[PDB]
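Just one chain is shown here, as structure tokens, and it is the form deposited in one PDB entry.
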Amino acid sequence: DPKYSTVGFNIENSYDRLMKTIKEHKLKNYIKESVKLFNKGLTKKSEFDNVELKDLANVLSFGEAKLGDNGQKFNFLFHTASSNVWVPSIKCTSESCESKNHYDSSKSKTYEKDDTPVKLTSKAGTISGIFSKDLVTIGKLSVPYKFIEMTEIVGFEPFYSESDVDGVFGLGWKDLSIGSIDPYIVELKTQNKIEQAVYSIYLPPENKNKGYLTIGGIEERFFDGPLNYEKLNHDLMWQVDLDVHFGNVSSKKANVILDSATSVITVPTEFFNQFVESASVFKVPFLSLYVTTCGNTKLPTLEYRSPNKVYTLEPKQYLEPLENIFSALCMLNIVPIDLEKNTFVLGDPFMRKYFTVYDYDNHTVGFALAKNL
């Protein structure tokens, strides 16, 4: 067993969702026949294009965490930019809430009132609730934490109601409160339940529906070779300064965010189009879907260069097989999306190669060559 406290979590990935879309809309032979056409090759001609940062999220989730001494069960998803944890109140108005697990302050001996109101208003939806202090367990680790009890939830549909998820567990920095509530992982450290304010994400190569979160230490057994460290360029983001080259295409002094919840590698639009020009990659009409032969010899190693380390992705690391649609066919797990000027994100593909460490104490992030388990 591991030295430090580790929890498995499940992932619903872009491949699954794409797969579901294909059975739903009967799209196989369309894709099959379009590919044949490309191969023939009669295409030649050069809102899929429109983002969305929504559509690229995977849902990394687990149902082992629990609130209070009675141990009230909840299904969380992890979110790497948020500091707080979020749960449905038993006092939840909305009809979203009705099929989910609820937090009942009353049923827990360890509950302490806070009642301070919080309000998240965003593009997908609107959450209204109050802070509440209780024992927050995972399941080795336990500590009193102030979390948010949600009283009314509006939006995030149809996702929320269709997902068996109840709420959000913050593995990030951003706290909605103004009473400077530390992240759960900092809090475990403040109260001495771990040795270090750190966690690792390990995403096993051979199972893209699984990932492991480990807390309070470096589990040496998840990787080979040295751990490199990079300093964060932002106070409240797992984000880092790096030059990036994909062949002759390059971008100096780029902003790259580590989010294992992002399903793909992202890249500015301009950058993507330069990359993809005459790389022999095919864009399937009427689908957010670029495709190529798995043995494609034109495709470069992706390079993310620090001043004292470069991290790379071979084509095998950024191409998902599609054997069940067309033989030796692969989809490209890279997507063009423009965020703030010069900002890239390293999603699931990167973490399948690199074991990754997120250090709150030292404001560092950590990379190493993932083992194969």
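All residue numbers are counted from 1 along the displayed sequence. The term rigid core refers to the most C-alpha atoms you can superpose between the two forms while keeping them within 1.5 Å.
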| item | value |
| --- | --- |
| At least a third of other PDB entries omit residue 47 | yes |
| Deposited residues lacking coordinates between residue 46 and residue 47 (none, 1 to 3, 4 to 9, 10 or more) | 4 to 9 |
| 14 to 22 versus 349 to 357 - greater average Cα B-factor per the deposited record | 349 to 357 |
| Selected stretch [higher average CA B-factor]: 358 to 366 or 5 to 13 | 358 to 366 |
| Largest Cα B-factor, entry values, listed residues 155, 211, 216, 167 | 155 |
| Selection from 64, 33, 320, 314 [criterion: highest C-alpha temperature factor in the record] | 64 |
| B-factor third for the C-alpha atom of residue 303 within its chain | lowest |
| Position of residue 51 among the chain's modelled residues by C-alpha B-factor, lowest, middle or highest third | highest |
| Ranked C-alpha temperature factor of residue 284 among modelled chain residues, by third | middle |
| Residue 204 CA temperature factor, ranked by third within the chain | middle |
| Chain thirds of CA B-factor: placement of residue 245 | lowest |
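Same protein, other form: the form deposited in another entry, not shown, and the subject of what follows.
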| property | result |
| --- | --- |
| Entry of 289, 186, 227, 218 that shows, once the rigid core is matched between the shown form and the other one, a C-alpha shift of 2 Å or more | 289 |
| Large Cα move at residue 54 between the shown form and the other one, threshold 2 Å, rigid core | yes |
| Did residue 141 shift 2 Å or more between the shown form and the other one, C-alpha, core superposed | no |
| Residue 327 C-alpha moves between the shown form and the other one by 2 Å or more, core aligned | yes |
| Residue 59 and residue 353, C-alpha gap in the other entry relative to this structure (3 Å or more) | closer |
| Cα-Cα shift for residue 296 and residue 208, closer or farther in the other entry, minimum 3 Å | farther |
